[PDB]
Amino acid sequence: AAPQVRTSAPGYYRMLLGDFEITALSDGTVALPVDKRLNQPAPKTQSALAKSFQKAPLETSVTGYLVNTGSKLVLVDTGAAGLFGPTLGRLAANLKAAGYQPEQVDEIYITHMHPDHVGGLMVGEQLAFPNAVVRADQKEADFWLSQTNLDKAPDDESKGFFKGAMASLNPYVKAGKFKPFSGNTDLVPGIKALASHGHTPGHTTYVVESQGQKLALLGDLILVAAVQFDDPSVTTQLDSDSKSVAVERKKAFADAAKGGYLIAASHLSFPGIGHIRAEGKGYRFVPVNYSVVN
C-alpha cells in the first residue's frame, strides 16, 4: 500500500511544430459560471454541457504557450499570477519545470489584457521576464492602460481589470520594454499576429509556423468548447463586440478547417491544442494525438 500522493503532473505539454518547439504551460484551472455568461438560453448551455459530460460551474483550464523558434524564446500569454484566485498562477512554475528560466524568454505576446493573460507578467513588483519585450496590440493597450477608462469603469470595484492590466504592463512600459503593434503584423521570424478583435478591442491571434506546419494561437477567441464549436456564433457577456467575435471565430475556424492545421486556445482543456473539421452546423474540435518528444 501507499499514501495517496494527490498531485497532478507538472503542467506543461511538449509538441514539435516543424523546427519549432511548443510547450503549453498550464496556469491551473478555475471553476466558471458558464450558464450565466453565454448569450443563449440557460437550458441550452445546460444541455450542451451535459452532452460533453460537463457540470454546472465548468472547471476551466487557463493556458499560455511557449514557442522556442531556436533563435528566439517567446511566450504567448502569461497566466494570472495572483490576480484571479488561489487556483491559478502556476505558469511560472510550469515554465521552469518545462526546463526554461524566466530570464531566457525574449518576448511576450499578449492575445489580450485580461487578468488571466497578463497577471503572470509580474512576480510581485518585479518584472517576471526581465530580459524580454512585451508586445500587444495598440488598440488593446489604448483601452486598458487608459486612466480615463478606469475612472470611467461601469460595474465599479470590479474595474480591477483596468487596475489589473495596469499593474501588469506599466512596469514594462516604464522600463521601455513595451512595443505595441498595429493589427496584422510580422513579429519574430516564424510568428505573426493577426487581428482577431471582438473579445476585446485589440484581441490578437498569434499564428506560429515552421516548415509548413502551422499553429494558430487563438487566445480567448473561443471560451466554451461544449457550445462554441458546434455553434460558432454564440457569444458571451464577456465579449466587447459580439458580432465581431462571431465573425472572427467563424473565420478562424473556417480557415483552420480548410487548411487542416492546428489551433489552441487559452481555455480549451489543457494542453488545448487540436485540429478542427467541419461538422454539419459548425465544427468538430480534434485534440492532438498524444506524441512523445525525445
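Numbers for residues come from their place in the sequence shown, where the first is 1.
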Once average C-alpha B-factors are taken from the entry for 143-151 and 178-186, the winner is 143-151
When the C-alpha temperature factors are averaged for each of 111-119 and 160-168, which stretch ends up with the higher value in the entry?
-> 160-168
Highest recorded Cα temperature factor - choice among 66, 265, 58, 225 = 58
One of 42, 234, 62, 238 has the largest Cα B-factor in the entry, namely 238
Check where residue 273 lands among this chain's C-alpha B-factors and tell me if it's the lowest, middle or highest third.
-> lowest
Residue 100: which third of its chain by C-alpha temperature factor?
-> middle
Third of the chain, ranked by Cα B-factor, where residue 106 sits | middle
Taking the entry's C-alpha B-factors for this chain, is residue 288 in the lowest, middle or highest third?
-> lowest
Could you look up the Cα B-factor of residue 138 in the entry and say which third of the chain it sits in: lowest, middle or highest?
-> middle
